[PDB]
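Read the structure below first, then the notes.
Nothing in this text is a laboratory measurement; each read-out follows from the coordinates by a stated rule. A quick note on method: Cβ atoms are made from the backbone with ideal geometry, for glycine too, and the neighbour counts reach across all protein chains shown.
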Amino acid sequence: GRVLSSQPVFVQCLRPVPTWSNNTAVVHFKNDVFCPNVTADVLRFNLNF
Amino acid sequence: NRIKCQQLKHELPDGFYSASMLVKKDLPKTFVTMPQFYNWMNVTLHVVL
Amino acid sequence: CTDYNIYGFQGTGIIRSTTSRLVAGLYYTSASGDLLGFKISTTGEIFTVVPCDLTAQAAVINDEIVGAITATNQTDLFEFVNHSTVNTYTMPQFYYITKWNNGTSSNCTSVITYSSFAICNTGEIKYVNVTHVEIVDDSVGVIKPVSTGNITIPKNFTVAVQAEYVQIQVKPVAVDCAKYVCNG
Amino acid sequence: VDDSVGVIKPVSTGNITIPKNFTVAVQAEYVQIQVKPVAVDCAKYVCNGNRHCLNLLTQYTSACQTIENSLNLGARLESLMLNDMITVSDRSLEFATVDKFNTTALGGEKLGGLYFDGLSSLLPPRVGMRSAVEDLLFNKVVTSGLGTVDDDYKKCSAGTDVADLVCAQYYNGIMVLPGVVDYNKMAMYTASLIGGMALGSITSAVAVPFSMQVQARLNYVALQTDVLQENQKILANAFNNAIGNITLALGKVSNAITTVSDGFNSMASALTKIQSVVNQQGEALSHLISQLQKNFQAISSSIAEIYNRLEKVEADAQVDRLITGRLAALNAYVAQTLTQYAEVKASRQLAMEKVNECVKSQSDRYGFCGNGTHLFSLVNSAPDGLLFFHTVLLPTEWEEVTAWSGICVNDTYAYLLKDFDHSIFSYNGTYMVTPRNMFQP
Amino acid sequence: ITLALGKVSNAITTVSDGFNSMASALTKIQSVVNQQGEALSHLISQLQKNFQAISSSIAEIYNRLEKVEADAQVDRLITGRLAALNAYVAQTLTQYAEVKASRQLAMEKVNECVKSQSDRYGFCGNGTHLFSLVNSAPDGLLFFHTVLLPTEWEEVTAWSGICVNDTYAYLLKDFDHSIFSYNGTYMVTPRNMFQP
Ligand SMILES: *[C@@H]1O[C@H](CO)[C@@H](O[C@@H]2O[C@H](CO)[C@@H](O[C@@H]3O[C@H](CO[C@H]4O[C@H](CO)[C@@H](O)[C@H](O[C@H]5O[C@H](CO)[C@@H](O)[C@H](O)[C@@H]5O)[C@@H]4O)[C@@H](O)[C@H](O[C@H]4O[C@H](CO)[C@@H](O)[C@H](O)[C@@H]4O[C@H]4O[C@H](CO)[C@@H](O)[C@H](O)[C@@H]4O)[C@@H]3O)[C@H](O)[C@H]2NC(C)=O)[C@H](O)[C@H]1NC(C)=O
Ligand SMILES: *[C@@H]1O[C@H](CO)[C@@H](O[C@@H]2O[C@H](CO)[C@@H](O[C@@H]3O[C@H](CO[C@H]4O[C@H](CO[C@H]5O[C@H](CO)[C@@H](O)[C@H](O)[C@@H]5O)[C@@H](O)[C@H](O)[C@@H]4O)[C@@H](O)[C@H](O[C@H]4O[C@H](CO)[C@@H](O)[C@H](O)[C@@H]4O[C@H]4O[C@H](CO)[C@@H](O)[C@H](O)[C@@H]4O)[C@@H]3O)[C@H](O)[C@H]2NC(C)=O)[C@H](O)[C@H]1NC(C)=O
Ligand SMILES: *[C@@H]1O[C@H](CO)[C@@H](O[C@@H]2O[C@H](CO)[C@@H](O[C@@H]3O[C@H](CO[C@H]4O[C@H](CO)[C@@H](O)[C@H](O)[C@@H]4O)[C@@H](O)[C@H](O[C@H]4O[C@H](CO)[C@@H](O)[C@H](O)[C@@H]4O)[C@@H]3O)[C@H](O)[C@H]2NC(C)=O)[C@H](O)[C@H]1NC(C)=O
Ligand SMILES: *[C@@H]1O[C@H](CO)[C@@H](O[C@@H]2O[C@H](CO)[C@@H](O[C@@H]3O[C@H](CO[C@H]4O[C@H](CO)[C@@H](O)[C@H](O)[C@@H]4O)[C@@H](O)[C@H](O)[C@@H]3O)[C@H](O)[C@H]2NC(C)=O)[C@H](O)[C@H]1NC(C)=O
Ligand SMILES: *[C@@H]1O[C@H](CO)[C@@H](O[C@@H]2O[C@H](CO)[C@@H](O[C@@H]3O[C@H](CO[C@H]4O[C@H](CO)[C@@H](O)[C@H](O)[C@@H]4O)[C@@H](O)[C@H](O)[C@@H]3O)[C@H](O)[C@H]2NC(C)=O)[C@H](O)[C@H]1NC(C)=O
Ligand SMILES: *[C@@H]1O[C@H](CO)[C@@H](O[C@@H]2O[C@H](CO)[C@@H](O[C@@H]3O[C@H](CO[C@H]4O[C@H](CO)[C@@H](O)[C@H](O)[C@@H]4O)[C@@H](O)[C@H](O)[C@@H]3O)[C@H](O)[C@H]2NC(C)=O)[C@H](O)[C@H]1NC(C)=O
Ligand SMILES: *[C@@H]1O[C@H](CO)[C@@H](O[C@@H]2O[C@H](CO)[C@@H](O[C@@H]3O[C@H](CO[C@H]4O[C@H](CO)[C@@H](O)[C@H](O)[C@@H]4O)[C@@H](O)[C@H](O)[C@@H]3O)[C@H](O)[C@H]2NC(C)=O)[C@H](O)[C@H]1NC(C)=O
Ligand SMILES: *[C@@H]1O[C@H](CO[C@@H]2O[C@@H](C)[C@@H](O)[C@@H](O)[C@@H]2O)[C@@H](O[C@@H]2O[C@H](CO)[C@@H](O[C@@H]3O[C@H](CO)[C@@H](O)[C@H](O)[C@@H]3O)[C@H](O)[C@H]2NC(C)=O)[C@H](O)[C@H]1NC(C)=O
Ligand SMILES: *[C@@H]1O[C@H](CO)[C@@H](O[C@@H]2O[C@H](CO)[C@@H](O[C@@H]3O[C@H](CO)[C@@H](O)[C@H](O)[C@@H]3O)[C@H](O)[C@H]2NC(C)=O)[C@H](O)[C@H]1NC(C)=O
Ligand SMILES: *[C@@H]1O[C@H](CO)[C@@H](O[C@@H]2O[C@H](CO)[C@@H](O[C@@H]3O[C@H](CO)[C@@H](O)[C@H](O)[C@@H]3O)[C@H](O)[C@H]2NC(C)=O)[C@H](O)[C@H]1NC(C)=O
Ligand SMILES: *[C@@H]1O[C@H](CO)[C@@H](O[C@@H]2O[C@H](CO)[C@@H](O)[C@H](O)[C@H]2NC(C)=O)[C@H](O)[C@H]1NC(C)=O
Ligand SMILES: *[C@@H]1O[C@H](CO)[C@@H](O[C@@H]2O[C@H](CO)[C@@H](O)[C@H](O)[C@H]2NC(C)=O)[C@H](O)[C@H]1NC(C)=O
Ligand SMILES: *[C@@H]1O[C@H](CO)[C@@H](O)[C@H](O)[C@H]1NC(C)=O
Ligand SMILES: *[C@@H]1O[C@H](CO)[C@@H](O)[C@H](O)[C@H]1NC(C)=O
């Protein structure tokens, strides 16, 4: 079916982690270094775990 | 799009659709009462552990 | 558009000032318990509460909001997402807002109809008058109660197909009474 | 239990009874053809623009969707149907004036005739205004205790005065739309219909006298052989006295002494029905509006009061009973409305049959369009629908006459009448043949 | 008609009034499919409204309270849900009686017009009925009335019978017929068509 919802899909800033390089970083919610000024609510950490 | 999200359809038939706007967020307040001579108290709840 | 708190009543709207005097109590409610107006006590003037966002009746033709049968004026419905020539007309009973200039459109293909006002493709509202016919009759098969005069008898003919729909069945539903009020 | 003309006459070769003289009788009916449509905003009504409410209607956007589509797709079927039935011919509209029915005194008063006194109540004086009968009618809707139709909504969003009752309904998302056919088009539509009787020739502006119109409409029942001037009088005087007793029942003004007929009983069926029709539209809404003060087991009947006492994690439970309570209040209103849309759709279906078969055509279905054999029918406007005036035939005298149904000569040749409705009979030593409808030998 | 339906035909651009007959249908068929999936889904979704009780499921109630006091809580579920049926039932019997008028209408249109070329003016179309073809549709029929339409006329002086030498009268047997001269030749025709 279909449904309405308030979902987190407003992608401010996409940070593609490469598979090979270094699977370790930090992510700040408020004003990180990889994204200039902005502050988000969720980190959707998308993966094939 | 707000009409479409209220209609649950990606395409609308042409016609008349009751639409409005989300109003605002910040509004200046307004408080009117019967005029009275001011007698204002200041009671605080104080918890010390 | 403010947020009021007037004598215990509460809500949002637009407050104006008027020149009309009523010899009565403090405020004036509707039939639904909403504020319509109220009287300042220190003076005599009364004010009027109007809600901030009235409804509208926006008309869409093919994935585009053409115009809005609105009531106020400059309600937006056209403006922006990031970051025009938005006209405003005046019907007898409502305003009307569409970015088309009352110049030389003179062509629009599809209409959305209502009682005396149909809105065509380029925002142009036409006034729907009553359909004029030659004679309110289809002069064959009916009674022809005229003789011995200069009568008019039809010579040539053509056909015209007019389709109708008639609904003859509904899908029946058998409802168990006992299962529904308690699932076993 | 019959009106012995126009019906089947399944008796031959006996002492049959054939009617001689005739009179008319007018019986009025009412048919309601439209309802004033209402466009209801679903989202405004359950919460008057509150921001925290609309994040809780997302659970119930299925229920809110059907309520709008139940009302529009019932209303849109009206305007598509009504705009394809109401047609005004401007040629015949210029014959509906009562001055046209008086100005043709060449020879006789042609475009009126002996029926002029009754028709003076039905036709408008100038081209475009209501006639005498509707003026009596529309003095029984405002004096019924109601009446406003020119609802401007530009005045509603101004704040010049304290709000009108009508503008207060608009603030809660309830739009009383204008009538899909106003009073003026109904006045034009019915006046175009009566002009079809005075007009027969398109490309000649001369018009037929109305006495020729009735004399023609007698022939379709039975072929009139000999016509007399006395027959015109008794039809006309009974016609004009029928309209006066109609007019006296309406607004208590006519020129008579005291008369208790049964045309009141046709009229009392109408005046009860028209009285109810104006008394729905102002009452379903005012019941629906007044359900915005029933706090359905909650704190207060206004939503912005609730969000200024409680926090959002617990105020949602309180405002949930407002939502589900008010959403049921719409379905109580919607199902009452779709009752009326489907009920009118039967009556509007009935009005197309009565306009086409009887106002335009002198139908021969017995009993339909009045009571007895139909001669003609005149219409007038009314509050939301038409008001018919069926004119039926009525016999008064009869003829005890022995009959046969064919000749056998010298027991060799048989002869049968080609028409079965005809019958053969001797008449003061002379054998004649007549239909069994009228005594037209 | 075909161009209005599924936007495929072989033409250029035509704005007729057969759309206005067709738009009456396509609105109506669109509503008919949009009832049956919506009265039930409203009725089903009233099994989550705990009508002033603990929870919207019954077996939750009997696993918190004892039978002497759980009956009062489940009583509001019963009388609440029994009203939810009568809201559904009365909406249904509205439609059964409404269809019974339309199905009554369909027997008249099938018998008098599809099979018989009825002569009631205005019924089965608009004007004089020639024939009518039907097709299936979602829950009901779709008619195609074919009516007559005149285009030209004949300004003609008329009479309705002959009196010869002021002795004998003659009247036309059919009243619909009428007598008239036609380029110096007297003919007789019905007043329906020009068939002299
Ligand atoms: C049910 O049955 C009835 C009976 O069969 C059918 O009724 C017939 O319907 C047709 C079509 O509606 C009628 O034909 C004519 O319709 C014309 C309007 O359509 C347009 O074309 C005209 C030009 O001909 C345009 O002017 C119109 O444009 C409109 O918009 C402008 C604004 O820009 C306005 O100013 C206009 O007024 C229009 O609103 C449309 O594009 C209509 O104009 C035409 O008019 C006749 O009568 C008027 C009265 O004054 C005359 O002035 C005009 O000249 C026409 O008079 C006759 O003489 C000319 C000779 O030049 C003939 O060629 C015409 O045929 C006509 O006899 C006319 O009304 C038709 O009349 C009507 N009745 C019959 C017996 O056919 C219904 O269709 C059918 N369905 C329904 C639902 O009723
Ligand atoms: C963690 O694991 C998950 C699970 O494996 C990983 O997720 C998987 O990701 C896969 C892609 O990386 C996805 O695989 C397919 O995606 C296809 C879409 O892209 C295809 O098409 C483009 C180009 O298309 C153009 O041409 C085609 C025709 O040739 C047209 O149809 C297009 O419109 C364009 O014009 C190519 O460039 C790509 O290479 C792909 O070909 C799908 O199309 C595809 O399968 C579809 O068909 C199947 C039947 O054969 C059907 O079962 C399946 O559902 C697909 O059908 C979908 O799409 C069609 C398109 O018309 C639509 O009509 C159907 O309704 C339906 O939408 C594959 O889906 C995997 O599906 C996805 N999960 C699976 C099941 O493996 C994830 O990546 C991983 N995360 C990591 C490791 O990063
Ligand atoms: C509602 O309906 C009723 C029922 O018809 C109407 O009442 C009729 O009113 C008319 C007009 O007053 C009456 O007609 C007149 O009858 C007079 C004679 O009546 C007497 O004699 C007859 C027998 O001949 C008796 O049956 C009757 O009881 C009386 O004793 C005539 O003198 C009148 O004709 C004269 O004037 C006319 C012009 O007005 C000329 O045409 C004639 O040449 C003549 O000089 C006349 O026709 C009728 O009798 C009444 N009917 C009944 C049953 O009483 C109401 O008028 C009507 N209400 C309205 C219209 O508002
Ligand atoms: C309601 O009553 C409250 C209780 O008194 C009021 O709070 C008081 O607000 C005043 C504002 O001037 C404060 O005075 C300031 O104090 C700060 C430093 O605060 C600290 O040091 C003081 C020393 O006296 C100590 O009392 C405080 O508790 C803190 O440790 C100074 O820097 C300012 O210059 C100024 O002197 C009071 O200190 C404060 N009292 C408390 C107990 O919080 C409150 O304002 C009242 N609200 C109203 C009237 O609306
Ligand atoms: C019913 O239809 C009849 C047939 O059309 C109508 O008769 C026609 O009436 C018109 C009235 O405008 C006449 O036209 C007029 O003709 C005169 C001249 O007529 C005289 O001279 C001509 C030769 O030029 C001669 O043929 C005639 O016999 C007369 O001696 C003009 O001066 C006028 O401007 C106008 O054009 C027709 O002549 C006439 N035709 C016939 C055969 O009588 C009749 O009037 C219609 N009735 C109605 C509408 O009520
Ligand atoms: C159908 O209608 C026919 C025409 O009215 C009926 O025929 C009539 O039947 C009645 C029966 O009551 C007869 O009236 C009776 O007359 C006799 C005397 O008749 C004899 O004498 C007279 C002269 O005095 C003479 O004229 C006759 O020829 C007879 O020789 C009385 O004794 C009775 O009291 C009664 O008044 C009519 O005479 C008769 N008329 C004709 C022309 O035959 C017929 O009966 C009807 N059929 C039915 C109702 O089934
Ligand atoms: C929508 O349809 C309406 C109904 O058809 C239109 O109203 C009509 O507007 C026309 C414009 O031509 C009017 O025609 C009139 O002609 C008269 C002449 O009549 C005068 O003389 C007669 C007696 O001979 C007298 O009875 C009249 O009162 C006049 O004194 C002009 O005087 C008028 O001004 C006007 O030109 C129609 O009469 C009028 N119909 C009605 C019933 O009102 C309306 O205009 C249409 N709107 C559109 C098309 O936008
Ligand atoms: C129907 O028409 C008649 C007569 O027709 C009128 O006169 C013709 C000559 C034409 O010009 C027609 O176009 C015109 O309409 C109207 O009759 C009027 O009747 C009244 C009496 O009912 C007469 O009034 C009287 O006049 C005399 C003096 O002559 C006075 O003593 C009286 O006080 C009284 O006023 C009136 O003169 C007469 N009108 C004319 C024009 O002669 C009739 O009113 C009309 N019916 C309607 C409009 O309903
Ligand atoms: C995982 O790998 C990433 C690189 O892919 C490491 O981040 C990088 O760390 C190096 C130092 O080892 C940084 O280089 C230095 O950066 C500073 C920034 O001020 C600069 O001044 C120095 O001159 C030098 O360039 C590098 O910037 C940084 N970012 C990169 C290159 O992506 C990360 O530390 C590794 N995580 C581990 C080892 O846990
Ligand atoms: C995120 O946004 C903030 C602003 O809200 C950025 O801070 C801004 O940084 C720039 C660059 O340093 C400042 O401009 C500088 O101005 C001085 C003169 O005053 C000039 O000499 C420098 O060369 C430069 O042009 C700007 O003033 C400053 N704004 C504020 C209000 O702090 C911040 O850099 C952004 N971060 C990113 C890049 O994501
Ligand atoms: C209705 O629309 C018009 C066009 O937007 C607005 O026009 C003027 O707005 C200015 C704002 O100060 C006023 O001072 C003028 O008096 C307005 N003119 C009028 C009468 O339209 C107008 O604001 C809108 N409605 C109103 C009454 O403000
Ligand atoms: C029944 O019809 C006859 C024939 O039309 C009427 O008889 C005429 O009546 C008038 C009186 O109004 C007399 O002046 C005529 O001489 C009668 N003619 C004949 C041939 O008898 C009779 O009046 C009608 N009956 C009623 C009750 O009106
Ligand atoms: C309307 O017609 C004009 C000329 O007839 C044409 O140039 C214009 O493109 C048309 N509008 C459309 C097709 O939207
Ligand atoms: C009338 O008839 C004559 C002879 O039959 C013929 O010459 C003339 O053309 C006819 N008139 C017409 C057809 O208008």
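Among D:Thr87, D:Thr258, D:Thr412, determine the one that fluctuates most according to a GNM of chain D built with springs between C-alpha atoms less than 10 Å apart. Greatest mean-square fluctuation among the candidates belongs to D:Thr412. Estimate the FRET efficiency between A:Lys30 and A:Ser6 by the formula 1/(1 + (r/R0)^6), using the beta-carbon distance for r and 25 Å for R0, to the nearest 0.05. Given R0 = 25 Å and the Cβ-Cβ separation, E is 0.70.
All C-alpha pair distances within the range D:220-275, sorted into 10 Å bins from zero, spread as 19, 38, 24, 17, 2 percent across the bins. In chain B, the C-alpha radius of gyration followed by the widest Cα-Cα span (Dmax) gives 24.4, 67 angstrom.
The distance from the alpha carbon centre of the range C:81-131 to that of chain B is 33 Å, rounded to a whole number. Of the chymotrypsin sites (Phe, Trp or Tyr not before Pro) found in the range D:377-441, the ones in coil according to DSSP and having at most 15 other Cβ atoms within 10 Å of their Cβ are D:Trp398, D:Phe420.
For the range D:292-441, list log₁₀ I(q)/I(0) at each q in 0.10, 0.13 Å⁻¹, using the Debye formula over Cα point scatterers of equal strength and ignoring solvent, two decimals each. Scattering profile of the range D:292-441, log10 relative to I(0): -0.69, -0.84. Largest GNM mean-square fluctuation across D:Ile246, D:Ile303, D:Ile257, computed for chain D with C-alpha springs under 10 Å, falls on D:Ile257. Residues of the range D:73-93 with an amide N closer than 17 Å to a point placed 7 Å from the Cα of E:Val32 along the Cα-to-Cβ direction: D:73-74, D:77-78, D:81. When the pairs D:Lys100/D:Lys185; C:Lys126/D:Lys294; D:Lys36/E:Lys109 are compared against a 32 Å limit on Cα-Cα distance, C:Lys126/D:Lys294 fall above it. What is the angle, in °, between the Cα long axis of helix D:263-277 and the longest principal axis of the Cα atoms in chain D? Nearest 10 is fine, range 0 to 90. That works out to roughly 20 degrees. Summing Cβ point charges (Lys, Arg +1; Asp, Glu -1) relative to the Cα centre of the range D:1-130 gives a dipole of roughly 200 debye. A dipole drawn for the protein assembly as shown from +1 and -1 charges on Cβ atoms has a positive end, and of E:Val110, C:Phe78, E:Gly184 the residue lying farthest that way is C:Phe78. Rounded to 0.05, the FRET efficiency of the E:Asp75 and D:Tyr431 pair, given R0 = 60 Å and the Cβ-Cβ distance, is 0.10.
The largest-to-smallest principal axis extents of the Cα set in the protein assembly as shown are 135, 75, 74 Å.
How big is D for the range D:1-145, in µm² s⁻¹ as a whole number, if Stokes-Einstein is applied with the Kirkwood radius of its Cα pairs at 4 °C and 1.567 mPa s? This corresponds to a translational diffusion coefficient of 58 µm²/s.
Quick one: in chain A, what % of C-alpha pairs are over 18 Å apart? Everything past 18 Å amounts to 43 percent. The chymotrypsin sites (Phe, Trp or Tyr not before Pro) of the range E:9-109 that meet both conditions, a loop assignment by DSSP and at most 14 other Cβ atoms within 10 Å of the site Cβ, are E:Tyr62. So how much slack lies between D:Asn237 and D:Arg51, counting 0.36 nm per residue of separation and subtracting their Cα-Cα distance, in nm? Between D:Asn237 and D:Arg51, full extension yields an extra 59.8 nm.
Under 5 Å from the amide H of C:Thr131 lie the amide H atoms of D:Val88, each residue being 5 or more positions distant or on a separate chain, with H modelled from the backbone and absent for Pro and chain starts.
Our Cα-only numbers for chain D put the radius of gyration and Dmax at 29.9, 113 Å. Within the listed set E:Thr128, E:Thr92, E:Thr157, the Gaussian network model of chain E (springs between alpha-carbon atoms below 10 Å) gives the highest mean-square fluctuation for E:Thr157. Quote the charge dipole size of chain D about the Cα centre in Debye, to the nearest 20; the model charges only the Cβ of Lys and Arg (+1) and of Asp and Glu (-1). Around 560 debye, computed over chain D.
Modelled spin-label separation between D:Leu394 and C:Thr104, with each label point placed 7 Å from Cα along the Cα-to-Cβ direction: 6.9 nm.
Placing unit charges on the Cβ atoms of the charged side chains and taking the dipole of chain D about its Cα centre, the candidate lying farthest along the positive direction among D:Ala270, D:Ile243, D:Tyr153 is D:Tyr153. Straight-line reach from D:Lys360: taking Cα to Cα under 18 Å and skipping same-chain neighbours fewer than 8 places apart, the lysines in range are C:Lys144.
Please go through chain B and write out the trypsin sites (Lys or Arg not before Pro) that DSSP classes as loop and that have at most 15 other C-beta atoms within 10 Å. Taking chain B and a limit of 15 other Cβ atoms within 10 Å, the loop trypsin sites (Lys or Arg not before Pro) found are B:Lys9, B:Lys24, B:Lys25. Modelled spin-label separation between B:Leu49 and E:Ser116, with each label point placed 7 Å from Cα along the Cα-to-Cβ direction: 9.1 nm. From largest to smallest, the equivalent ellipsoid semi-axes obtained for the range C:117-184 from the alpha-carbon gyration tensor read 52, 26, 12 Å. About the centre of its Cα atoms, the protein assembly as shown shows a dipole size close to 2060 debye [charges on the beta carbon of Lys, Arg (+1) and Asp, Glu (-1) only; nearest 20 debye].
Computed log10 I(q)/I(0) for chain C at 0.10, 0.12 Å⁻¹: -0.82, -0.92, from the Debye equation with unit scatterers placed on every C-alpha and solvent omitted. The modelled label-to-label distance between C:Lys171 and E:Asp174, using points 7 Å beyond Cα along the C-beta direction, is 5.3 nm.
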